[PDB]
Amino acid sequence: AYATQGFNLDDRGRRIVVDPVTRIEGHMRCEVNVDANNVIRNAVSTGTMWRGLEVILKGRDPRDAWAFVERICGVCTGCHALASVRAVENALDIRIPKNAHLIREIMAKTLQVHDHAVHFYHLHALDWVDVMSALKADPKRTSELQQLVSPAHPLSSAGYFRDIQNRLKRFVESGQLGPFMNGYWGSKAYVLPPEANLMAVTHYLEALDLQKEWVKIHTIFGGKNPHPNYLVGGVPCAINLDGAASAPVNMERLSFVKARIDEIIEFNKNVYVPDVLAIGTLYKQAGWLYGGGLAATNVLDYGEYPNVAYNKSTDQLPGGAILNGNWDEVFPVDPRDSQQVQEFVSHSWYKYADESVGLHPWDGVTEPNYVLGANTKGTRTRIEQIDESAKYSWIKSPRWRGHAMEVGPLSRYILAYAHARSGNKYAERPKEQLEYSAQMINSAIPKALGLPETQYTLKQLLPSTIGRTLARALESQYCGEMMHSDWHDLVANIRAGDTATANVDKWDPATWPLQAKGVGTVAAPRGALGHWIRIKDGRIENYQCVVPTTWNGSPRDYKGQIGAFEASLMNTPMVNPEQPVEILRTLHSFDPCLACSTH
């Protein structure tokens, strides 16, 4: 047992194992220890997969890299391609044309919306929503709840909810529960009334049908989803309005994109955000404000979406680092600085010459070393209880100037709030969303549901599993609003006569410097993404990825500091230590992508 970052870690209590962690991307094992009152007093995050993309890339052409690294992950599909082309362009001093910038931003914001909304409904919702309780709901009361939660959502009739309920009833009465089989239904950890559960299940089905429309934006610009195509120097989707039906992008295609964006705006505003505000209100009322972990102290993002291309002071999700819960001081984050972003492997299944130091990714090393500690229960190929005192994960340990940080939408929203309070005008919208959300959660929704009004500040509400879930929904909404503006800027630029989509001046490697290094960063759906590349004689010399779930899911560092997942689980009571409802609820609030984390 030891203390770190204000957490008193203690492994003497009852050990609980969750393997597999489900409703995530990829493979994770989680172990906790609980005290005599079922409160988590130790948590262990184990990434249970590795593929070795960084190793595979060595010797290949930098122009091909985006497609390899895109296949790090099909959920956050394209964000790695974006990081890669940015890294190569940075190495080779390539400036992309305005239309390519705007198209990439539209693609990025489409991914944010799709990823966030699908995560919440299809992966996260079942930690908050009891589907069996939905069967007991009254359709008229569900209709009335829907009208209170979101007046503008037109799918609100009692008959509609009754039809959805009857279909769920028939499914369940078949005896083949499928994805609902052996669930934790009826646990006291679930607090929603039946009507709220039926509303949420209805929206789960609505989101499942609608999500396939949103990604058609990727299909137009990138050919396919998942895994749209990218290009070093711009985009491949050449523009021709008249000369034209044969060009990748004409006015009809752009009109189609705008129709899809408009639908997204409606979904975020009428379905997703109101649902999260409502569910968050009801769990707040139950007192479930656990899960803050590192969000209460240390948050980081690289900053993204500049109002003016290549001008970072105009980032609409402005970044930096906050330490020790001091929201009055945002430190600048420089991905080029060797003393800032570093990765340790002290408790990871890799080898460095000296594991007491962290490597900046331009000097990163990925040599596997699968070995289990002396206190392991089980064998090398049959683990019963992992030994977190030794190496226990395929995830490296990223730190910022040695500090353990949380990344993600919550981090970006805390940073945006801090920036806005310091006078940054580019952060006004996320600040407004937060203030609106706090008022809804504290007063308006409680007043509408006949519950007591509360007075939580953003300082109190945001660093919590509820807050983390809320920030994701708000970010989805903001991203939809931003790409709506980007579309207008794109069409205006094309109509003014600039149709350029690629800079090919340095396409041929005979034009390249004989060596170069570059970095590309992205505000990916789950947080701060970076790719660092070294090029030599036209080939990849080194390629290192530090990915958002690498930060959040990281195991302990050389100093024994815990990462965001482990910190978030600490000090949480479990209704039943053998039903991982609370573990799943909090882990899922980070939207863990394990293929991303390990690559």
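The first residue of the sequence shown is number 1, and the count goes up from there.
Modelled in this chain, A244 is nonetheless absent from a third or more of the other compared entries whose models extend past it on both sides. Going from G243 to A244, the model skips 1 to 3 deposited residues, which lack coordinates.
Per-stretch averaging of Cα B factors for 11-19 and 584-592 places 11-19 on top.
Stretches 39-47 and 66-74 differ in mean CA B factor, with 39-47 having the higher one. Looking at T521, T376, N225, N298, the one whose CA carries the top B-factor in the deposited record is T376. Reading the B-factor column for the CA atoms of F344, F171, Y290, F120 in the entry, the top value corresponds to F171.
In the PDB entry, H419 places in the highest third of its chain by CA B-factor. Sort the modelled residues of the chain by CA B factor and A100 lands in the lowest third.
When the CA B factors of the chain's modelled residues are split into thirds, the value for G186 lands in the highest one. Split the chain's modelled residues into thirds by C-alpha temperature factor. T219 is in the lowest one. Ranked within its chain, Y413 lands in the lowest third, by CA B factor from the PDB record.
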